[PDB]
Structure formats: C-alpha cells, structure tokens
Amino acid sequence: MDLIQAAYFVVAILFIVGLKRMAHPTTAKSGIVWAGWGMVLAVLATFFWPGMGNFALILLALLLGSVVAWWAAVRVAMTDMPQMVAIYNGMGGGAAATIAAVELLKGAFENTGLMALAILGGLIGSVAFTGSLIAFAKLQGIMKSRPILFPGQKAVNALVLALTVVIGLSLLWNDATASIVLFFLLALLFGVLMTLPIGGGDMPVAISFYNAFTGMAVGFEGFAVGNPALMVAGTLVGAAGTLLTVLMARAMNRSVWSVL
C-alpha cells in the first residue's frame, strides 16, 4: 500500500466515469471535466515517482508539448477538428513507442512476456503515429488525397508487416541496437504504407481505428512496465475505441475493411 497507487486508483475511477458520462448527451459536457481531473491527478501524483532524475527536462517537455498543443486547439477553426484529433492521436501513438524504445535500449527485461508486450505496444503506436500523420496531411490538404493505389500494394504491405513482426520477435533472444532501429523504421513504414490506399471521406473511421490502436498501444506498455494508469486507461480506450470504430463504419453504410 502506497500513495501513487492510491492516486492511480482514483485516476481510474475518474477516467471510467468520465467516459461513461461522455457516453450520454444529458451527461456529456460533464464527461471531459471528470476526465480532466483524472489527467491532472495522474500527472501530479507521478512527480513523486521515487528516484526520478531529469526533473528540469521533464518540465520543459511537459510545457512545450501541452501549450503548443493546447494553443493549436483553440486557434484552429471548427471544421478542422477531425485532423486535430488525428494529430493528437498520432502523438499518443509516438508517445507509446518512445516508452518501448527506451525500455528496450536499456536492455534489462528479465521477463520475456513483459518484453513481448513492450514490443507489441511499440509496433502499434508507431503504426498509429505515421498512420495518423498521413491521416492529418490527407484531410489537411498538404498531402491532399484520394486513394493512392498501385497494382500490387496489398502484398508489399502484408510483406512489410510480416518483416516488422519478424525483426520484432527477434528482439526476445538477441536485442541488438541494429535490430531496434530496423523494427521501428519498418513499423513507421507500415503506418504510412497501410494508410495510403484510404480515401478522403473514409478518414473518420480510420482515425477511430488508429485511436483504438493507440489505446491498446498505451495498455500494452502499461502491463509491460507495471503501470496501472496505463494498463486501465489504455485497455479501456482500446476496447471502447474498437466498438466505436465499428459503429461509425456501420453508420456510413460501410464496413471497416471496406475502409482499409
């Protein structure tokens, strides 16, 4: 029994109710406020993490990220919400990957299952990372898009995915830096690759998909490192994100797979 545990315990409940309240119109505006408290409490509680160096740089990072992000949110017009969501989601993904990357580079994983979850988180985040950045650029005009097809893409994609998974699993015996660089480059490549064939109107669904993905990404890292705030909220959002992705596809007459 300790206080960061207590802190995260409340944090969970706070995320669960928030989401649930966001679930119904009559309670919705109520929702994020509830979540906001979770967010705050989780951030502030973790400053106490024992033996935590680099306090200066933590703060610079928090500040650069939050305020440009926050600023971008208010300055931007109301029809650019979708790419706004994409991009923040993107970051969420990357955030996931960095956890995975640093924890592997240190090498010290004394459990192969834990290590697998690290890697799995790693894979999914990066895919969402670049996936969501291509999402943004597409709706945003800077990549301007309708489905970027070419005759045998289905195979090269699945092949790249295959390779990624191979180099990935390789880390579990032999975790050499060369491999670690390769893994991420290949994942990052797949997020890009797998997004390309996706048309303009479909994007919402894709975003929900990659949202569900980042959710799982965060959860995996959580189980892996041993962090209850990640575990719960990650898996809460992966699940909800999954069902929600379905419902949006099924609302456009389309079917997810039709979308990808």
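For every residue, the number given is its place in the sequence shown, counted from 1.
Comparing average C-alpha B factors as deposited, tell me which of 55 to 63 and 228 to 236 sits higher.
Here the higher of the two C-alpha B-factor means belongs to 55 to 63.
Which has higher Cα B-factors on average according to the PDB entry: 11 to 19 or 240 to 248?
Stretch with the greater average CA B-factor: 240 to 248.
Can you pull the Cα B-factors for 100, 91, 176, 135 from the entry and say which is highest?
Max CA B-factor in the entry, restricted to 100, 91, 176, 135: 135.
I'd like to know which of 87, 161, 155, 123 has the highest C-alpha temperature factor in the PDB entry.
Max CA B-factor in the entry, restricted to 87, 161, 155, 123: 155.
Where does the C-alpha B-factor of residue 4 rank in its chain, lowest, middle or highest third?
Middle third.
Relative C-alpha B-factor of residue 211, binned into the chain's lowest, middle or highest third
CA B-factor rank for residue 211: lowest third.
Going by the entry, which third of its chain does the Cα temperature factor of residue 104 land in?
It falls in the middle third of the chain.
Just say lowest, middle or highest third for the CA B-factor of residue 143 relative to the other modelled residues in its chain.
Highest third.
Lowest, middle or highest third of the chain for the C-alpha temperature factor of residue 118?
It belongs to the lowest third of the chain when residues are ordered by C-alpha B-factor.
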